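> Sequence first, structure after, both from an experimental entry:
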Amino acid sequence: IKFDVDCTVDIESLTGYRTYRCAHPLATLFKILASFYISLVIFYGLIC
Amino acid sequence: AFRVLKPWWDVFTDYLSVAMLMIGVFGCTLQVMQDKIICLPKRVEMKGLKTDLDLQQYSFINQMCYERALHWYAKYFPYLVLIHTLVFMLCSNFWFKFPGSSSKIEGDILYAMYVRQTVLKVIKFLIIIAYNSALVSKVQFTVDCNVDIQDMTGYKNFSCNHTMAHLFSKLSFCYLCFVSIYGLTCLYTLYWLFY
Amino acid sequence: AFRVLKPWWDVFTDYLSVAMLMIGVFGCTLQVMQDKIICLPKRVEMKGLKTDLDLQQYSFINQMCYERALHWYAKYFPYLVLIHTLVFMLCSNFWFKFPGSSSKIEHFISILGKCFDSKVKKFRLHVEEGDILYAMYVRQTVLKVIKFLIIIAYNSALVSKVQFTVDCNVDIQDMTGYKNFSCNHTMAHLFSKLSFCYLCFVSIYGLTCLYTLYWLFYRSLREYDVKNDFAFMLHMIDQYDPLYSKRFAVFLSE
Amino acid sequence: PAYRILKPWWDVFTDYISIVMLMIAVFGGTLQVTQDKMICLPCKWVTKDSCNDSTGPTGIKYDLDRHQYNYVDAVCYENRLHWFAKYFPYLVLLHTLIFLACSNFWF
Amino acid sequence: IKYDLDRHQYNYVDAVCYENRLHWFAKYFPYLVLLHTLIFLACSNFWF
C-alpha cells in the first residue's frame, strides 16, 4: 500500500506515453485501517 | 439489571457519549463525502490569470498537497473522535458486560473494576485534552504547500484551502465543550469513590 | 406514568418540537449535500464574456467567497435550529429523566391506579413535604418562555440577512486576476421560507407557553386540603382528565 | 435466548472484536467502492522505464483530453496496483464472516 | 495523441459499445444471481 505508484502499462497507441506516475489518494487511510485490522487480529489470535 | 441500577451521573454520561458519537459520525460522513482541498499555483478592466493546467493536473496537485502538506490532525480528526467515544462507551458499559461482574450484579472484585474504570476514564479525559487543546488551532482554512511535483505540473509553490476546516473549527471546538462537561460528570464519579 | 402526565398544551409543545427537529434535520441534510455558492468575476446580437478562468480557479473562488462573504447565520441556521430544539426537548424530558422525580411520579402513578381500582396516609406525609416540583415546573416553563422570546426577537432580524445574491471583495488577485465577485447562494430563497415556517412554529410554541403561564399564575395552585406539591400533582391529572380527581379524593376522606 | 451463560468471557470479547472488524470492513469497503481511484500523470522524460524528473513558471502541457486520463487511470489501477491495496476490505469482510461462522457453528 | 472528440462524444461511444459489444454475462450477472437465489429460497420454503 503506497501513496504513489509508477505504471509502465505500455499503451502508446492510445495515449502516446510510456510510463505514468499515479497517486492513490486512499493509500494512507487504507494503511491505517490495515494496521488497525492486524492489531485486532493479533488480539483475536492471542485470545484464541 | 439495565435500568434501575444506573445513577443520575451514569445516565447523563451515557447521553453525552451518545451526543459525542453522533457528532463523530457526522464528522466521519463529511470527511468521507465532502472533504477535499482546492489548490492553485502560487506564483504565475482586468483579465483572467490562466495557468494552462488540465483538470487531471489540478487533481494531482490537490492530492499531493493534501497528503503531504496538511497536518494529520485536520485529516484524521473524526476517526480519532469516533475511537475515543467508542472506547468511552465500552469502558462505561464494561461494568455490566463482563461475565464475572455480570453474574454477580444480575470478593470485592466488583468494586476494584469500577475504580479502575473511573481511573481509566479520568486518564482518557486528561490525555484527550492534552492534544485536543494544543492541536485545535493547528487547522487553518488556508494552507501553503511547497511540494516536489515540478516537472509534473511545472510549479513548486501552491496556495490551497481545506473546505471542511471551517466546519471542523466549529466542530472540534464544540466537541471540546462536550469533553469538559463530560469530564465533570467523570470527575464527580471519581470523587464519590474517595470523598 | 406516560399519558396521564401530559396536559394538552404539553402535547402541543411535544408535537411542535418534533416538527422543529424534523425541520432542523432536513436543513442539515440540505446544507451537507446541496449547499454551495456560485461565483463570477464582477467586471471584465451579443457575445460571450470570456474571463479565461479554469474550473479549478472557479472552485477556489467559490470556496473563498462562501467561507468569507456568506453570513454566519446562513451557514449555521440548521445547526442553530437543531441545538435549540434539542435544548427544548431535553429540558422538557429532564423532569422525568431525573431519578428523584422518577421516584416521586412512579409512586404517584401507583397510588393513583390503586385509588382508581376501587398508602395515602404515608403519601400525604412523604409527598406533601415537597412543593419543589411545582417550582421546578414553573421554572422550566419560564425558561421555555425566555428561550421563545430570545429566539423570535433575535431571529426576526437575521432572517432577512440570508439573500440569494451576494457580493465578495476578497484578496484572490494574483491567484485568479480579480478582486470583486458577484455570487449567489442557490438554496438561500428556500432557507428564507424554511426559516419563516420555523419562526411560525416557535411563535405557536411561545403562545402555548404563554397560555401555560395563565394556567400557572391565575389561581395560586399552592393550595386546594393538600400541600403545594399534592395540589399541583392533583391539578395536573385534573387537567388531563377531570374525572380522576373525584376517584382520588375518596381515600383522603376519613 | 438464555445461551448467554454458555459463553465464556473470551467468547464475548471475540464477538465484540469480530463486530469491530466487520465495522471497519464495511467502512473500508464503502470507501473503496465510492472513491477509490488513481490519479495518473504521464512522465515526459523517461530514464529506463522510470520518471527522470529533471520568467515565472508555466504549466506543462500533455495534450490529453479528460477521457484519456480516465482510460489511463483505469488501466493503471487495474494492472499496476497491488491486489492487497484494492481488495483489502473484501478480504477483511471474508475473514470476519468465517470467524463468526466458526464462533457460532456449534449453536 | 489527439482525437478531437468532445466529452459527450466519448459518453455516446461508451454507451454504444457498452450496450452492443459487452458480453451479457458481465452486465447481468448480479440479476441472474438474485433470481437464482430467490428461486432457491422459494424451493426451500415452499412447503412451509
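Nice, thanks for sending it over. Numbering: from 1, shown residues only, chains lettered A, B, ... in the order given.

> all contacts plus neighbour counts: C-alpha atoms, from now on.
OK.

> Could you confirm whether stretch A:35-48 reaches chain D?
Yes: judged by CA under 8 Å from any CA of the partner chain, stretch A:35-48 comes into contact with chain D at A:37, A:40, A:44, A:47.

> Of those residues, just say which sits nearest to residue D:5.
Distance to residue D:5 across the residues of stretch A:35-48 next to chain D (CA to CA) is lowest for residue A:47, with 18.9 Å.

> Could you tell me the end-to-end distance of stretch B:149-160?
From its first residue to its last, stretch B:149-160 covers 15 Å (CA to CA, to the nearest Å).

> what does stretch B:26-41 give?
32 Å.

> swap in stretch B:155-168?
29 Å.

> And for that stretch, what's in contact with it?
If you take CA atoms under 8 Å, 6 or more residues apart in numbering or on different chains as the criterion, stretch B:155-168 is touched by B:30-31, B:34-43, B:62, B:74, B:139-150, C:60, C:63-64, C:67, D:57-59.

> Select from these every entry located in strands.
B:37-41, B:142-146 (DSSP state E).

> Pick out the residue in chain A sitting closest to chain B.
Nearest to chain B, among the residues of chain A, is residue A:25, at 6.4 Å (CA to the nearest CA).

> thinking that residue is in contact with residue D:32, fair?
No: the pair residue A:25 / residue D:32 is not scored as a contact, 10.7 Å apart, by CA atoms under 8 Å.

> who's more crowded, these two?
More crowded of residue A:25 and residue D:32, by other CA atoms under 10 Å in any protein chain shown: residue A:25, with 22 against 19.

> just checking, the more buried one is part of a helix?
No: assigned with DSSP: H, G, I helix; E, B strand; the rest coil, residue A:25 falls outside any helix and is coil.

> Pull out the buried members of the contacts of stretch B:155-168.
By neighbour count, with 16 or more other CA atoms under 10 Å in any protein chain shown, those hold B:30-31, B:36-42, B:62, B:74, B:139-146, B:149-150, C:60, C:63-64, C:67, D:58-59 as buried.

> Spell out which parts of chain D neighbour chain A.
Within chain D, the positions near chain A by CA under 8 Å from any CA are D:10, D:14, D:17, D:21, D:24, D:28, D:36-44, D:46, D:49-51, D:64, D:68, D:72, D:75-76, D:79-82, D:84-85, D:88, D:92.

> Repeat that for chain B.
Contacts of chain B with chain A, taken as CA under 8 Å from any CA, map to B:60, B:63-64, B:67.

> State the phi and psi torsions of the residue of chain A closest to chain B.
Backbone geometry at residue A:25, expressed as degrees, to the nearest 10, gives phi -60, psi -30.

> gap between it and residue D:35?
9 Å.

> Check residue B:152 too.
Residue B:152 sits 23 Å away from residue D:35, going by CA to CA.

> cool, residue A:18 as well?
Residue A:18 is 26 Å from residue D:35, where distance means CA to CA.

> Neighbour count: those two, which is higher?
For residue A:18 versus residue D:35, the count of surrounding residues by other CA under 10 Å is larger for residue A:18: 19 against 12.

> now the strands: where do they sit in chain A?
Using DSSP E, strands in chain A cover A:4-7, A:20-23.

> check whether the first one contacts chain D.
Yes: part of strand A:4-7 sits near chain D under the criterion CA under 8 Å from any CA, namely A:5-7.

> what would the residues you listed look like in a markdown table with neighbour count?
A markdown table is the format used below for the residues of strand A:4-7 next to chain D (neighbours: other CA atoms under 10 Å in any protein chain shown):
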| residue | neighbour count |
| --- | --- |
| A:5 | 19 |
| A:6 | 20 |
| A:7 | 22 |
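
> Reformat these as TSV; add distance to residue A:30.
Listed next are the residues of strand A:4-7 next to chain D as TSV, based on distance: CA to CA, whole Å:
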residue	distance to residue A:30
A:5	15
A:6	19
A:7	20
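
> Of the residues you listed, which is the nearest to chain E?
Lowest distance from chain E to the residues of strand A:4-7 next to chain D (CA to the nearest CA) belongs to residue A:7, with 18.7 Å.

> My guess is that closest one contacts residue D:80. True?
Yes: assessed by CA under 8 Å, residue A:7 is found in contact with residue D:80 at 5.5 Å.

> Skipping adjacent residues, who's closest to whatever residue of chain B ends up closest to chain A in space?
In chain B, the residue that lies nearest chain A is residue B:63 (6.4 Å; CA to the nearest CA). For residue B:63, ignoring the flanking residues on the chain, the nearest one in space by CA to CA, 6 or more residues apart in numbering or on different chains is residue A:25 at 6.4 Å.

> Just send the strands of chain A back as JSON lines, with distance to chain E too.
Supplementary listing: these in JSON lines, determined by distance: least, CA to the nearest CA, whole Å:
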{"stretch": "strand A:4-7", "distance to chain E": "19"}
{"stretch": "strand A:20-23", "distance to chain E": "15"}
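
> Mind checking those strands for the one nearest to chain C?
Of these, nearest to chain C by CA to the nearest CA is strand A:20-23, at 18.6 Å.

> Can you tell me what sits against the closest one?
A:3-8, B:60, B:63-64, D:38-43, D:51.

> Which of the residues you listed sits closest to residue A:30?
Top of the list for closeness to residue A:30, among those and by CA to CA, is residue A:3 at 9.9 Å.

> how far away is the closest one from chain C?
Residue A:3 is 23 Å from chain C, where distance means CA to the nearest CA, to the nearest Å.

> from memory that residue sits against residue A:25, does it?
Yes: between residue A:3 and residue A:25 a contact is recorded at 6.5 Å, counting by CA under 8 Å.

> Chain neighbours aside, what residue packs nearest to residue 9?
Assuming you mean chain A. Closest residue to residue A:9 apart from its sequence neighbours, by CA to CA, 6+ apart: residue D:76 at 6.3 Å.

> try chain D instead
Here the residue nearest residue D:9, using CA to CA, 6+ apart, is residue B:99, at 5.8 Å.

> ranges for the helices of chain A?
In chain A, the helices defined using DSSP state H lie at A:27-47.

> Spatially central residue in it, please.
By CA atoms, centre = their mean, chain A has its centre lying nearest to residue A:1, at 2.9 Å.

> which ones are touching the nearest residue to it once chain neighbours are set aside?
Excluding the flanking residues, the one nearest residue A:1 by CA to CA, 6+ apart is residue D:85, at 5.3 Å. Residue D:85 sits next to A:1, A:27, A:30 when contact means CA under 8 Å, 6+ apart.

> what about residue D:85, distance to chain B?
Counting by CA to the nearest CA - residue D:85 and chain B are separated by 17 Å.

> element containing that residue, please.
Element membership for residue D:85, per DSSP states H and E: helix D:83-86.
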